[PDB]
Amino acid sequence: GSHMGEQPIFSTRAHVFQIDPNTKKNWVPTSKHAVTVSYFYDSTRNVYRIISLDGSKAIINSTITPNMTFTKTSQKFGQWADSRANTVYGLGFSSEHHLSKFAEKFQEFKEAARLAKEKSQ
């Protein structure tokens, strides 16, 4: 399974929040309004990733790794930390139901990546 295509694997609408520890360790928004996130899979690295474009510049560009863990900040708000980007990104949801789908599907991708790296080196 490789070279599937340039199309995304999954997408969803949610608010974009980027941590700003440079000035103050606290939650800080990046997008004034909710945006659509896109999922992609790298055949070379055999792992999934999350990329989101806001306007003319990308804001989210993390990779789903087997060592990452999803953290819930609210009933309808989820976030995660990316070592590669050395930051924390969070997606706000209007309903806990939407958040549940996001978190559950996120874990599913994580398990897939783990199996892929296990079989490969």
# chains A, B, ... in the order shown; residues from 1 in each chain; ligands from 1
>>> residues_around(residues="segment 66-69 of chain A", least_positions_apart="4", cutoff="8 Å", atoms="only C-alpha atoms", output="list in words")
residues 80, 81, 82, 110, 111, 113 and 114 of chain A
>>> select_by_dssp(residues="chain A", states="alpha helix (DSSP H)", output="ChimeraX atom specification")
/A:96-119
>>> select_by_dssp(residues="chain A", states="strand (DSSP E or B)", output="PyMOL selection string")
chain A and resi 11-18+29+35-42+47-54+57-64+71-74+77-82+87-92
